[PDB]
């Protein structure tokens, strides 16, 4: 794949609980939208989700060998805690865009800090699912303007 989308812990829960909390949108719905958006541009896109830090790090290492050109990553809770993730990305030297569904700055103070943002190309937060689509549009443009 040329673009890899990574989702961090707890994102698998999207749309599961009381679909009038945060409605009906699922992680799969998001993935399908992105895969279709990428197919439109003849770009190959892979997706990955895990609750396990190590599985995400392993997947990043694999991305390097597969010739992934850009990573779109929503590290979820791991953005505030995982230097291992930072060092995986940097160690494979694949540029990345950081995405969060919710506005990270509007929540508790510990969510204001990120071990990834300072090394990302850019960061999108608080725009829901469309944030991932925006990241993908940017990525496509960078590769095939």
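Numbering follows the first chain given and starts at 1. Between two forms, the rigid core is the largest collection of C-alphas that superpose within 1.5 Å.
Remark: when the other structures in 8 other deposited structures of this protein are fitted onto this one via the rigid core, 22-30 deviates more than the alternative among 22-30 and 62-70, judged by RMS CA distance. Checked against the record, the higher mean CA B factor of 40-48 and 56-64 lies with 40-48.
In this crystal structure, the stretch out of 22-30 and 103-111 whose C-alpha atoms carry the higher mean B factor is 22-30. Between the residues 120, 93, 84, 78, it is 93 that shows the highest Cα B-factor in the PDB record.
Sort the chain's modelled residues by C-alpha temperature factor and residue 128 lands in the middle third, per the entry. Among the modelled residues of its chain, residue 35 has a C-alpha B-factor that falls in the highest third according to the deposited record. Sort the modelled residues of the chain by CA B factor and residue 4 lands in the lowest third.
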